[PDB]
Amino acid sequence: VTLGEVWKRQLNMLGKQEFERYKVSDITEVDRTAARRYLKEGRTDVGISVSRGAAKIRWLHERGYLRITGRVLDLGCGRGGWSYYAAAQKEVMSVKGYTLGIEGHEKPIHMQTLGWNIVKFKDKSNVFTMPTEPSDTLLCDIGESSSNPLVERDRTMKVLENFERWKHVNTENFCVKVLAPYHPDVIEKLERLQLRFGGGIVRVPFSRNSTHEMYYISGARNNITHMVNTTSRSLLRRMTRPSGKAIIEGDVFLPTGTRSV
């Protein structure tokens, strides 16, 4: 019914070569060569990012969609790309990252980029069931892809519901993955959240064309339906005319060392 739903149905119809060409068409990618080299080598003294995911938060932060300040919570931190990014930022006082890190899920990677000493990771932590805590900046990058649109809807709704559960009165800043934003139930939920909390939704250019993921953020106000439909139309247009070529950008590099505050 929605254009996003049309997009999702059509993505599954793509043969191998068409899918591979499509997913990278006109997207932005960070060059992960240096980071992969030092990660393989096992170095902790080079200011690399532990994941490709750090590129997404850098973009959101630098483009002004998200202030990162105070006590930061990183829900579903995985390797910790968003946690280390946050820890290096001027106004950040501490970062707490929670993740499952069990049964095939990514474990936090120990690194010594700026502010590593103000980061605390806990694995074996299910953010859907564990007790909440206050934060000034609440990050959540959770949303596992599925070819079943109903599974993506359910996963998205659980993330948005858990976000409202964790969000405290002092949580003025936030960034939450919205895996499948086009689903009418998800649009409705986002609209309700926006009534209470403000903010808006944005497509991060580092996302592959094979996902409709968008981020619900605190730093900009916009029209949810319009922003979602604009991304759906963009994804559909890229499908009709796939370039098969990504724009390459420099990776997220950080200083190394401890911080006092």
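The numbering used is simple: start at 1 and walk along the sequence shown. In this text, the rigid core denotes the largest set of C-alpha atoms whose superposition between the two forms falls within 1.5 Å.
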{"property": "Greatest C-alpha divergence in 5 other deposited structures of this protein once each structure is fitted on the rigid core, 199-207 or 39-47", "result": "39-47"}
{"property": "Farther-lying stretch by C-alpha RMS in 5 other deposited structures of this protein (rigid core fit) among 76-84, 95-103", "result": "95-103"}
{"property": "Greater mean Cα temperature factor according to the PDB record, 87-95 or 146-154", "result": "146-154"}
{"property": "Greater mean Cα temperature factor according to the PDB record, 74-82 or 182-190", "result": "182-190"}
{"property": "Candidate residues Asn209, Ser218, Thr69, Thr225, the one whose C-alpha B factor the record puts highest", "result": "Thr225"}
{"property": "C-alpha B-factor winner, where the candidates are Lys177, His105, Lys167, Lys120", "result": "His105"}
{"property": "Third assignment of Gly200 from its chain's C-alpha B-factors", "result": "lowest"}
{"property": "Chain-wide C-alpha B factor ranking for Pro131, given as lowest, middle or highest third", "result": "middle"}
{"property": "Lowest, middle or highest third - CA B-factor, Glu172", "result": "middle"}
{"property": "Position of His61 among the chain's modelled residues by C-alpha B-factor, lowest, middle or highest third", "result": "lowest"}
{"property": "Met214 by Cα B-factor - lowest, middle or highest third of the modelled chain", "result": "lowest"}
